[PDB]
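Residue numbers for the sequence shown, in PDB author numbering: 1 to 134.
All residues carry an ideal CB built from backbone N, CA and C; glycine is no exception.
Before any comments, here is the structure.
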Amino acid sequence: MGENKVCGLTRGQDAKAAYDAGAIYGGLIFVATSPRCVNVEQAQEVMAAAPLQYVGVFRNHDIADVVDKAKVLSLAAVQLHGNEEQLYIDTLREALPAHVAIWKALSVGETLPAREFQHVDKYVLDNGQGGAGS
């Protein structure tokens, strides 16, 4: 678990608990209309209830769609599943301003690679299901 990192919560009365915990940032992923994973749409509502900062974990095809979220909600970080493509990650940081960072979702594998994708702000675990590079 974490400091105040809660997964999609669309109840302001509920979300305020993380904001009250620090309003630092929450740990939500953009799963379309899930009450366990918040997407841009709930988040924008949620930020009117509990002004907590947002993060995202997504293997996106389009960089502009990541930029969209990074901009709209104003994220802090975004977790890229580097498995999508190597140069893709290298591209994200160019589009994404220094206000939003990138963390590399390190999936738990049999081997621990020293370097997979770097120039990322932080290394975190995989929260998108997987124990391999897929």
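Nearest-angstrom beta carbon gap, residue j and residue i [assumed within contact, 8 Å]
i, j, result
"residue 127", "residue 57", "5 Å"
"residue 95", "residue 78", "Their Cβ separation, rounded to whole angstroms, is 11 Å, which puts residue 95 and residue 78 out of contact at 8 Å."
"residue 54", "residue 43", "6 Å"
"residue 10", "residue 51", "That pair is no contact at about 15 Å."
Distance cut-off 7 Å: residue i Cβ against heavy atoms of the ligand MN
i, result
"residue 22", "Looking for the ligand MN in the displayed structure turns up nothing, as the structure carries no ligands at all."
Per-residue burial, residue i [other beta carbons within 10 Å of its own, 16 or more giving buried]
i, result
"residue 109", "exposed"
"residue 81", "buried"
"residue 27", "buried"
"residue 123", "exposed"
"residue 18", "buried"
"residue 92", "buried"
"residue 133", "exposed"
Beta-carbon proximity of residue i to residue j, cut-off 8 Å
i, j, result
"residue 46", "residue 15", "yes"
"residue 31", "residue 73", "no"
"residue 115", "residue 84", "no"
"residue 101", "residue 121", "yes"
DSSP-derived helix/strand/coil call for residue i
i, result
"residue 112", "coil"
"residue 132", "coil"
"residue 5", "coil"
"residue 100", "coil"
"residue 124", "strand"
Report the start-end ranges of each beta strand (DSSP E) in the region 13-98 that is 3 residues or longer and not cut off at the edges. Runs found: 54-58 and 75-80.
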